[PDB]
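What follows is a set of notes on a single structure, which appears directly below.
All of this is worked out from the model, or read from it or from the source named; no laboratory instrument gave them. Cβ coordinates were reconstructed from backbone atoms using ideal geometry, including for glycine residues, and neighbour counts include every protein chain displayed.
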Ligand SMILES: [Zn+2]
Ligand SMILES: [Zn+2]
């Protein structure tokens, strides 16, 4: 098995630029990795204080005085015990899938492979992180690995859900970078239509009161101004923390600020 | 156990414990504690005269003491209660009926993997709850509708007719043809299009050429069986047929769930073990029909106004006749005020809460006259839309379904003038011997009529339609959280997986009826006063009813 | 073909037997297999329908008798195999239940205080009923002619008159024949073996 | 949501100020807000709003010409708006009035911000203003 | 507490920060405490319970009343004119506030812990993002709100609100 | 010979300094600050303890390390924001 670590070009991910201009690994090598984790810093104050306290406890000697206790009680095991458990599990068990697990996995593969088509058609450029049959076999392997922990002789939907969630956290998150704006040929008319629609919406709707997506579609599209990409325009306006809020199961669109 | 001997000589337990030990600890039972041993000295000393050299008496006493501990579960250690069980023994040498509110009802979850009900410990018993313990947790909001879907899908999959089978929605993502049987919530997407949703996923629905099965109601927020063809050029399930899940009788439903004492009057259940009982049901069905037709409990017409004078006079005339033959139970239902009571900023007039209090003080005067009705009748109080706490927020509108009883502060001396009075929530469960009755008060027909799917294509038929929808859906709220909010942890109160034997379903917007369906009886009291006529109906546990009118 | 599913059920039984065989202490039965059993029930019902259909199709006289005999025998044999598998599984589970019922000094098991060895929901309803009548049978055995002998007593021979014991769980004063034991936790007793057999069996004492 | 929104915004700029501070009291905010001024699903009807505006304008004009009843009506309109027990009461009307008053207060603070001064506090009845000058004796004209 | 509250008043200057912070450290040297100790930070001793828009019938005045910070002689009397209020009205308004708060908690919306977004499904386990559904109004806030009402109902004699608390 | 330790020290001051340095970097700055810069303050404190041939780090050494780290960050800014950043960071280095 291969465990690899690397940095992007320019050092940081530089979320302002395209994903293809940030990852120098070709599609040939990136298809052989079951899980890819893109790691970023969020610079939050609470997390920074928690990490600072955790790191200072390590240096001042307060680490060991805690750790042994948990390793004693019920929550941690030593390296040698975990090594012996790993070797016992690998030499004793080799689980198998159930008929319902295959049905749940096939639909997830179809969904995650459909999404890539819409993303590639919208961005009019090929995806840097690929989704292939190896990505289905990876989820199968993760399901069986999860089953291996409990020495279970069969893998079921309980393990399938966790494997799917891990795959969504690892690879689908990396694929779905969702660029706010790249100023490329894709959405070229949108470069002005975004401001046009923002002005039309902010003149129609004062700082109070709300509207609906149904009305904001029907009436603003009867004039043939539809672009099929306005789904994320509302979210981008929401990102300003003032223009748009979504409430009531996403039905209600509320004007909250300038 | 006998008396008349010379006198109760006092002796130390040291000379008594060997016999008790040999009889109890060795053979059957154990743990005769020191305090319990001292307690067991008094009763054996009551007849102490010429004993400890006698024959059977002491052995039979110990045998009888063992009888309680085989009968009752009790425990191991014998404590100062030892006299408390001998009180029961001397006791050995109607009842068993209760009214269960929404809050005090036991909670049961359902595990789809195990096809079985799991107990949920009540937070009130163990949790401190001194400041906030009634408040639910967010995880219930995520499982509120999943629990409904699991219960309905189990029943659908155990039906006789089905064995096409129901297919999960996401299993349709690659198919371009064929037929599928989809079961799920009918609702509207955030885009405004009709859609069907199951725990697996969701799909849009086309009604342009749908032919529904007439005979029931198709309101958003309820499970629907649907049939059609899926088109992958877009994402649309073109419907060709629509129906509702079939209903199940309680006799066939109980066998699947075993003999769980859900509304357990036989006993109670905890996290350790559950309770079942079958043999007592036959004898108590015998007792139900053992010439007990004298039992007579009466439901008044709903929505009676205390502030109105004519209503009070009519109620006095009705209680005049009720005094002659006192009903076994008398259920006063409906809103007790003709106007919602709210904060009432204007203090020039008397406050509306004080007016609410005063209107419950005239009841004492009108009721104190009829002494027999006080003496041998139990009254059950049902709230309404315009009562105190709800109207402070909803302002007369209908909101949360679990509605708390009327506060005891503003009604205090009606508990004195009357002997047996119980305040109960809006949905409640009367457990009478081998019978379960459900009390529910809201306007169902208006909300059904207002919200229908309206497919692009004698008044008593509407009553049958309403009954069939309510009974087949197995739930008293076939509506989304938008139309009526629901307390998250109390939703089990509103789910009728076992069909109740007798149903009280009052609706002022629907005419009175008396219908029978798969193992139940549905009655509709309503509109206490109508056309200058005041009506109230009688029902007997032997499945006969009467309507009594008094202009 | 038809019976190939039932074999799986038998396989499960084998695994349970291992847990019964490799058991230093008492164990709990796994979950019931009502879904597999219902599948065999469905397939044997289909076999019954097939036998009926063969009956009519033969009695209208369209088919040779020698031909019909073969499928008749096949259906009969498949039903017999399914019955055998189900009965073997049921008998193994019944034997384990009987062993536990005997190894709790009679008593009503789940209704009264239990040694927490088994969860309520593992057993089937019919198994729960069976356990109840079996416990009642043990009870009215113990009151038979052999009152003096405790038929639910210990099965290890007595060879030590005086033993040292240690209390595991706290409790109050308990009277015994001609004396009293005070069960203060983390305290040691030197007393005769006969007095404390009951308390050791119920987990309030340690060692022997 | 619209009947559960009765909270008003406030400004609470804290510190120690070595300049002069003015404590003004703004009365007639609601009536001034009313007199001054399809897609939206949470708004009151504009026609009835204009009818109310005309009613308030005529009432104010007659109240100016020594009319006691008109003055009483003008004073009691604000009480009438928020009372549910009063008939013709609409929650949308109350929300509309509150939302326009909220905008009016911010506009008034911005108008004060036009000249050299800084807001310290705002409570619909008290406004505290920080002046550029240093002595109270020199702010009579300003 | 006296030294902390005395230093906090001086600290609101924004122009003499260093001078005041040196004196604060020197004063905290008398005690055995360090300048950045958590025990040496100032927090507001009082909570707040504001009932908005109360009407004076004889004054026609809109006033917002806070039942925690405001001193007596102001809770039960109007500001412009010293006319006493009616107590049961105050209790009813407090009850209205409590029930409205409980309702608002019961009708809230869900969100993803990482994708700050609204849940648009009636039956789902988590976000399409690997995450979890959390609440827009956490339980701790409403618990604290129910806590403060109990103290307010006991310092002043409000029998109706005390009964309302115990019927929950 | 010497190996000083960090038994008694002010954790809150260091945590606040690290959080402030992290905040004032993305907002206006081009000097990368991570968890890797939190440990440098402790290393410099141990170095200043070594200079004195002491086996325990005191408050003076930690304060001096914080001052060195803060002065190394402030003086690598633009002339426009340097005066504001120096004033904002001046409360920590009171001595
Ligand atoms: Zn006043
Ligand atoms: Zn997410």
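Here are some notes:
- Checking A:147, A:102 one by one, the residue that is within 13 Å of chain B (Cβ to nearest Cβ) and either closer than 25 Å to residue A:24 by Cα or assigned to a helix (DSSP H, G or I) (or both) is A:102 and no other.
- Residues that are away from chain A (no Cβ under 13 Å), surrounded by 13 or more Cβ atoms within 10 Å (Cβ to Cβ) and assigned to a loop (DSSP other than H, G, I, E, B) do occur in segment E:139-157.
- Among the candidates B:30, B:19, B:24, residue that is buried (at least 17 other Cβ atoms within 10 Å of the Cβ) and assigned to a helix (DSSP H, G or I): B:24
- Looking only at residues in segment B:313-329 that are within 30 Å of the chain's Cα centre (by Cα) and within 12 Å of residue B:528 (Cα to Cα), the one that is surrounded by the most Cβ atoms within 10 Å (Cβ to Cβ) is B:315.
- Considering only residues in segment E:102-130 that are more than 10 Å from chain A (Cβ to nearest Cβ) and in contact with a helix residue (DSSP H, G or I) (Cβ under 6 Å, 6 or more places away or on another chain), the one that is nearest to ligand 1 (Cβ to nearest atom) turns out to be E:103.
- Within the option set C:164, C:160, C:108, C:98, being in contact with a strand residue (DSSP E or B) (Cβ under 7 Å, 6 or more places away or on another chain) and under 30 Å from residue C:206 (Cα atoms) holds for one residue only, C:164.
- Note on segment B:33-53: residues that are more than 14 Å from chain C (Cβ to nearest Cβ) and either closer than 23 Å to residue C:174 by Cα or not in a helix (DSSP H, G or I) (or both) total 11.
- Just one of (1) surrounded by 14 or more Cβ atoms within 10 Å (Cβ to Cβ); (2) within 16 Å of ligand 2 (Cβ to nearest atom) fails for residue E:102. It is (2).
- Boolean, residue B:171 is assigned by CATH to the domain that holds residue B:207, surrounded by fewer than 19 Cβ atoms within 10 Å (Cβ to Cβ) and in a helix (DSSP H, G or I): yes
- Per-region count, segment C:147-170, residues closer than 22 Å to residue C:109 by Cα and within 12 Å of chain B (Cβ to nearest Cβ): 7
- Flag for residue E:59 being within 16 Å of ligand 1 (Cβ to nearest atom), over 20 Å from the mean Cα position of the chain (by Cα) and surrounded by 14 or more Cβ atoms within 10 Å (Cβ to Cβ): yes
- Filtered residue count, segment F:26-38, keeping only those that are more than 7 Å from every other protein chain (Cβ to nearest Cβ) and over 22 Å from residue F:82 (Cα atoms): 1
- Subset of segment B:393-441 (residues that are within 11 Å of chain E (Cβ to nearest Cβ) and assigned to a loop (DSSP other than H, G, I, E, B)): B:395, B:399, B:400, B:402, B:404, B:405, B:406, B:407, B:408, B:409, B:410, B:412
Quick grid of which residues meet (1) exposed (fewer than 15 other Cβ atoms within 10 Å of the Cβ); (2) part of a strand (DSSP E or B); (3) more than 12 Å from chain A (Cβ to nearest Cβ); (4) in contact with a helix residue (DSSP H, G or I) (Cβ under 7 Å, 6 or more places away or on another chain):
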| site | (1), (2), (3), (4) |
| --- | --- |
| B:175 | yes, no, no, no |
| B:183 | no, yes, yes, yes |
| B:208 | yes, no, yes, no |
| B:216 | no, no, yes, yes |
| B:220 | no, no, yes, no |
| B:224 | no, yes, yes, no |
| B:233 | yes, no, yes, no |
| B:237 | no, yes, yes, no |
| B:240 | yes, yes, yes, no |
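- Residues that are outside the structural domain of residue B:173 (by CATH), within 18 Å of the chain's Cα centre (by Cα) and not in a loop (DSSP other than H, G, I, E, B) do not occur anywhere in segment B:258-276.
- Residue ranges of helices (runs of 4 or more DSSP H) in segment B:333-385 with at least 2 members away from every other protein chain (no Cβ under 14 Å): B:362-368, B:371-375
- Contacts under 6 angstrom Cβ, first residue in segment E:80-91 being under 24 Å from residue D:126 (Cα atoms) and within 12 Å of chain B (Cβ to nearest Cβ), partner away from ligand 1 (no atom under 14 Å from the Cβ) and in a loop (DSSP other than H, G, I, E, B), 6 or more apart: none
- Among residues of segment D:23-44 being within 14 Å of chain A (Cβ to nearest Cβ) and closer than 20 Å to residue D:76 by Cα, the one that is surrounded by the fewest Cβ atoms within 10 Å (Cβ to Cβ) is D:37.
Here is a yes/no grid of residues against (1) surrounded by fewer than 18 Cβ atoms within 10 Å (Cβ to Cβ); (2) more than 16 Å from ligand 1 (Cβ to nearest atom); (3) facing another protein chain (nearest Cβ under 7 Å):
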| position | (1), (2), (3) |
| --- | --- |
| E:73 | yes, no, no |
| E:77 | yes, no, no |
| E:97 | no, yes, no |
| E:132 | yes, yes, no |
